[PDB]
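Single chain ahead, by itself, as structure tokens, in the form deposited in one PDB entry.
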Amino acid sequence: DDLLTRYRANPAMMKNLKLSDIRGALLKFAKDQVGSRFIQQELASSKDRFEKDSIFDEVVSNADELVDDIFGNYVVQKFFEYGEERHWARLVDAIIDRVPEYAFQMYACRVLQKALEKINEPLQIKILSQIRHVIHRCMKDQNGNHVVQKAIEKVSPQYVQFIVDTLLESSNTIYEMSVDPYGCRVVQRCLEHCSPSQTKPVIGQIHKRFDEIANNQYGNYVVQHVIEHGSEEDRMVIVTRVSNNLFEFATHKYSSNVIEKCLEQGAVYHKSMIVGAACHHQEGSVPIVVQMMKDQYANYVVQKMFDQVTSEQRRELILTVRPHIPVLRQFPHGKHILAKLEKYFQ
């Protein structure tokens, strides 16, 4: 019998087992649930640079088979950790040619994320040079998008310019990624970490289809990030768009969170535009804020206004709403909506 068949059987019986014992059993150990945990635990606890080195040549020699294995990916990742800097360059060479595929596989993409998190900028660029080949598809992929986010988080803005030019590659790309469950995460990291020279065209595309993106189930988080990481002028354009279409934005499922985001990250004069629009009445119709309290989404927006605005702005809200308390008690959940605001009406 081979070493692992023996070891899996009576594990206590082999408590005095070491990494250099494995020698050429490393592939079978790494791909094994018990064997993988032995390797991992040995690497974490060993104080012997040479035990750890002993298995490394097997790891490099079998890298393609281990990176997308359910257990083996943990063994490869151990050599991408701080403490193993001496092996980073070798291990990246072992996998560089198949990074375009590994980005898409659920286990190997974790090896790529671990490498980006730990290794130095020359090696990061080397990995990104392969991601460059598949970057659009990778951005939308359930595994690949985490790899692209990790790139944006851990690499200097200038070396993810190719990612920004992919967002900008065509007219509809940023709409396409913003309304995608995975690509929207990439747009967000970009908004958090790319330089103003890079974010300004991205935010420019977003603006062009703002309404559509704002009420998308993924796009609405993309515009929330624009509010939080964009410029004063971006916030002004958005608050102005939202103020002028307050009722439409407030009564839709997804855009209603955009108004709330404006109310949290908005300056006193932004809240003033949204409060002013809310208390402006038509000639016979009721004020927008009253209509909003009767709505399934917009009533949460009205309550966020009371939590976020100045006493003076709350005053105008209170003066606008109080003549309507009778009516608003009838409407669905109206009972609860005004109890939550009762604090303000006493």
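Start at 1 and count along the sequence shown; that's the residue number. Here, rigid core means the biggest group of C-alpha atoms that superpose within 1.5 Å across both forms.
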| item | value |
| --- | --- |
| Stretch with the higher entry mean CA B-factor, where the candidates are 207-215 and 264-272 | 264-272 |
| Selected stretch [higher average CA B-factor]: 182-190 or 81-89 | 81-89 |
| Of the residues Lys154, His229, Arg137, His146, the one carrying the largest Cα B-factor as recorded | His229 |
| Modelled-residue ranking by C-alpha temperature factor, third containing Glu283 | highest |
| Entry-reported Cα temperature factor of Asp307, expressed as the chain third it lands in | highest |
| B-factor third for the C-alpha atom of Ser61 within its chain | highest |
| Among modelled residues of the same chain, the CA temperature factor third for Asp69 | lowest |
| CA B-factor placement of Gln41, once the chain's modelled residues are sorted into thirds | highest |
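Separately, the form deposited in another entry exists; it is not shown, and the next lines address it.
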item: Position that moves between this form and the one not shown after core superposition, taken from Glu192, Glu117, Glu101, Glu85, with Cα shift of 2 Å or more; value: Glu85
item: Threshold 2 Å Cα movement between this form and the one not shown at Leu328, rigid core reference; value: no
item: Rigid core fit then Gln282 CA moved by 2 Å or more between this form and the one not shown; value: yes
item: Cα-Cα shift for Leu27 and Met14, closer or farther in the other form, minimum 3 Å; value: farther
item: Closer or farther in the other form: C-alpha pair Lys15, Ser36 (3 angstroms or more); value: farther
